Amino acid sequence: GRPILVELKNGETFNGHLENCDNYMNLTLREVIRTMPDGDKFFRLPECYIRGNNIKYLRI
Amino acid sequence: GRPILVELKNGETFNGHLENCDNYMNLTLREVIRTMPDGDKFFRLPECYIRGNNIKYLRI
Amino acid sequence: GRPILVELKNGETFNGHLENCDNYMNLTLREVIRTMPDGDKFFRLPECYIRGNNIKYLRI
């Protein structure tokens, strides 16, 4: 799966296309939908980098 | 009004063009300017979805 | 310099090309990389406005 959904420890989720990932799960997503715990969303974030340490889980 | 300004309960404002609104005031804005309570702004957010429950008021 | 790095009092940094600055250090950056204290980043923010009162320091 290039499109993945990443849930952060802070409760946010990022839904985007996987561009890079390293052995520590630091990763980059493109064309991202960011969903807040309160239900608000932001669409079409060009690119987001997420530290492996900040991730709760990832679903493909 | 297609361009509207939405002020959230968390103090942020979103200024963009109205794309959709439902009977619960869940709405979508495009080409949005987001203003933080501390004055910082982010321009040209492609699309934001805001839950009616998170809105304080809307100005047209 | 046009590319500058702005560190905010809230610990975030904004790395982008300087568009405007005023005598109070309210400024505008374009094509910006926003880095969070926890190491997550957002790339290619079209434009950000930052209030002088929110800035800790600026590096060119």
# chains A, B, ... in the order shown; residues from 1 in each chain; ligands from 1
>>> residues_around(residues="range 13-15 of chain B", least_positions_apart="5", cutoff="8 Å", atoms="only C-alpha atoms", output="compact mmCIF listing (two decimals) with C-alpha atoms, in the first residue's frame")
# COMPACT_ATOMS: atom_id res chain seq x y z
CA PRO B 3 -16.49 33.64 1.22
CA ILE B 4 -17.15 33.30 4.93
CA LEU B 5 -15.18 33.56 8.15
CA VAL B 6 -15.59 30.81 10.71
CA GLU B 7 -14.45 31.26 14.26
CA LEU B 8 -13.84 28.05 16.20
CA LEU B 29 -14.18 25.60 2.98
CA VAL B 32 -8.61 28.95 3.30
CA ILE B 33 -6.70 31.35 5.50
CA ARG B 34 -6.25 30.00 9.01
CA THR B 35 -5.54 32.55 11.77
CA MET B 36 -4.26 31.48 15.17
>>> interface_residues(of="chain A", to="chain B", cutoff="8 Å", atoms="only C-alpha atoms", output="list in words")
residues 38, 39, 40, 41, 42, 43, 44 and 45 of chain A
>>> write_last_selection(atoms="N, CA, C and O atoms", output="PDB file, in the first residue's frame")
ATOM      1  N   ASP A  38     -11.019  15.939  17.253  1.00  0.00           N
ATOM      2  CA  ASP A  38     -12.375  16.504  17.313  1.00  0.00           C
ATOM      3  C   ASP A  38     -13.149  16.437  15.997  1.00  0.00           C
ATOM      4  O   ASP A  38     -14.244  16.989  15.886  1.00  0.00           O
ATOM      5  N   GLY A  39     -12.592  15.763  14.999  1.00  0.00           N
ATOM      6  CA  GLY A  39     -13.326  15.511  13.776  1.00  0.00           C
ATOM      7  C   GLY A  39     -13.019  16.469  12.637  1.00  0.00           C
ATOM      8  O   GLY A  39     -13.328  16.190  11.483  1.00  0.00           O
ATOM      9  N   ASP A  40     -12.416  17.616  12.945  1.00  0.00           N
ATOM     10  CA  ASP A  40     -12.024  18.539  11.884  1.00  0.00           C
ATOM     11  C   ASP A  40     -10.956  17.906  10.980  1.00  0.00           C
ATOM     12  O   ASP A  40     -10.148  17.107  11.448  1.00  0.00           O
ATOM     13  N   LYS A  41     -10.954  18.264   9.693  1.00  0.00           N
ATOM     14  CA  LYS A  41      -9.953  17.744   8.768  1.00  0.00           C
ATOM     15  C   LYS A  41      -9.353  18.824   7.897  1.00  0.00           C
ATOM     16  O   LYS A  41     -10.012  19.816   7.574  1.00  0.00           O
ATOM     17  N   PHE A  42      -8.115  18.579   7.476  1.00  0.00           N
ATOM     18  CA  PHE A  42      -7.428  19.418   6.519  1.00  0.00           C
ATOM     19  C   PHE A  42      -7.041  18.529   5.339  1.00  0.00           C
ATOM     20  O   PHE A  42      -6.416  17.472   5.509  1.00  0.00           O
ATOM     21  N   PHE A  43      -7.421  18.942   4.139  1.00  0.00           N
ATOM     22  CA  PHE A  43      -7.139  18.138   2.960  1.00  0.00           C
ATOM     23  C   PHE A  43      -5.990  18.684   2.150  1.00  0.00           C
ATOM     24  O   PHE A  43      -5.695  19.873   2.200  1.00  0.00           O
ATOM     25  N   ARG A  44      -5.355  17.787   1.397  1.00  0.00           N
ATOM     26  CA  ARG A  44      -4.346  18.153   0.411  1.00  0.00           C
ATOM     27  C   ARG A  44      -3.118  18.860   0.975  1.00  0.00           C
ATOM     28  O   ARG A  44      -2.585  19.776   0.350  1.00  0.00           O
ATOM     29  N   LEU A  45      -2.677  18.448   2.157  1.00  0.00           N
ATOM     30  CA  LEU A  45      -1.372  18.876   2.643  1.00  0.00           C
ATOM     31  C   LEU A  45      -0.335  18.282   1.689  1.00  0.00           C
ATOM     32  O   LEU A  45      -0.335  17.071   1.459  1.00  0.00           O
TER      33      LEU A  45
END
>>> select_by_dssp(residues="chain C", states="strand (DSSP E)", output="PyMOL selection string")
chain C and resi 3-8+13-21+27-35+41-50+55-59
>>> write_last_selection(atoms="C-alpha atoms", output="PDB file, in the first residue's frame")
ATOM      1  CA  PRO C   3      15.758  32.117   3.067  1.00  0.00           C
ATOM      2  CA  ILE C   4      15.569  32.445   6.834  1.00  0.00           C
ATOM      3  CA  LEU C   5      14.781  30.218   9.786  1.00  0.00           C
ATOM      4  CA  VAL C   6      12.412  31.565  12.406  1.00  0.00           C
ATOM      5  CA  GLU C   7      12.112  29.932  15.793  1.00  0.00           C
ATOM      6  CA  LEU C   8       8.882  30.702  17.661  1.00  0.00           C
ATOM      7  CA  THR C  13      10.593  26.587  13.555  1.00  0.00           C
ATOM      8  CA  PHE C  14       9.647  28.004  10.160  1.00  0.00           C
ATOM      9  CA  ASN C  15      12.124  27.761   7.349  1.00  0.00           C
ATOM     10  CA  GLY C  16      11.127  29.744   4.254  1.00  0.00           C
ATOM     11  CA  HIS C  17      11.754  32.634   1.895  1.00  0.00           C
ATOM     12  CA  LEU C  18      11.252  36.108   3.354  1.00  0.00           C
ATOM     13  CA  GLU C  19       8.489  38.106   1.655  1.00  0.00           C
ATOM     14  CA  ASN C  20       7.956  40.915   4.103  1.00  0.00           C
ATOM     15  CA  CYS C  21       9.018  42.240   7.473  1.00  0.00           C
ATOM     16  CA  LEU C  27       6.798  38.875   8.828  1.00  0.00           C
ATOM     17  CA  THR C  28       5.654  36.761   5.923  1.00  0.00           C
ATOM     18  CA  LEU C  29       7.457  33.633   4.635  1.00  0.00           C
ATOM     19  CA  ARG C  30       6.755  31.664   1.478  1.00  0.00           C
ATOM     20  CA  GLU C  31       7.330  28.006   0.583  1.00  0.00           C
ATOM     21  CA  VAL C  32       7.849  27.128   4.171  1.00  0.00           C
ATOM     22  CA  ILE C  33       8.983  24.121   6.156  1.00  0.00           C
ATOM     23  CA  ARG C  34       7.387  23.970   9.588  1.00  0.00           C
ATOM     24  CA  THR C  35       9.164  21.822  12.182  1.00  0.00           C
ATOM     25  CA  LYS C  41       7.606  18.513   9.794  1.00  0.00           C
ATOM     26  CA  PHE C  42       5.224  19.989   7.237  1.00  0.00           C
ATOM     27  CA  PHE C  43       6.741  20.959   3.878  1.00  0.00           C
ATOM     28  CA  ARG C  44       5.721  23.446   1.226  1.00  0.00           C
ATOM     29  CA  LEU C  45       3.377  25.673   3.187  1.00  0.00           C
ATOM     30  CA  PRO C  46       2.566  28.318   0.550  1.00  0.00           C
ATOM     31  CA  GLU C  47       2.680  31.275   2.936  1.00  0.00           C
ATOM     32  CA  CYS C  48       2.857  31.930   6.686  1.00  0.00           C
ATOM     33  CA  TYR C  49       2.510  35.191   8.571  1.00  0.00           C
ATOM     34  CA  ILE C  50       4.270  35.402  11.911  1.00  0.00           C
ATOM     35  CA  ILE C  55       9.271  35.034  17.618  1.00  0.00           C
ATOM     36  CA  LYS C  56      12.140  33.926  19.819  1.00  0.00           C
ATOM     37  CA  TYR C  57      14.867  34.282  17.226  1.00  0.00           C
ATOM     38  CA  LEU C  58      15.622  34.381  13.539  1.00  0.00           C
ATOM     39  CA  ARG C  59      18.656  32.957  11.791  1.00  0.00           C
TER      40      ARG C  59
END
>>> atom_distance(atom1="CA of residue 24 in chain B", atom2="CA of residue 12 in chain B")
19.7 Å
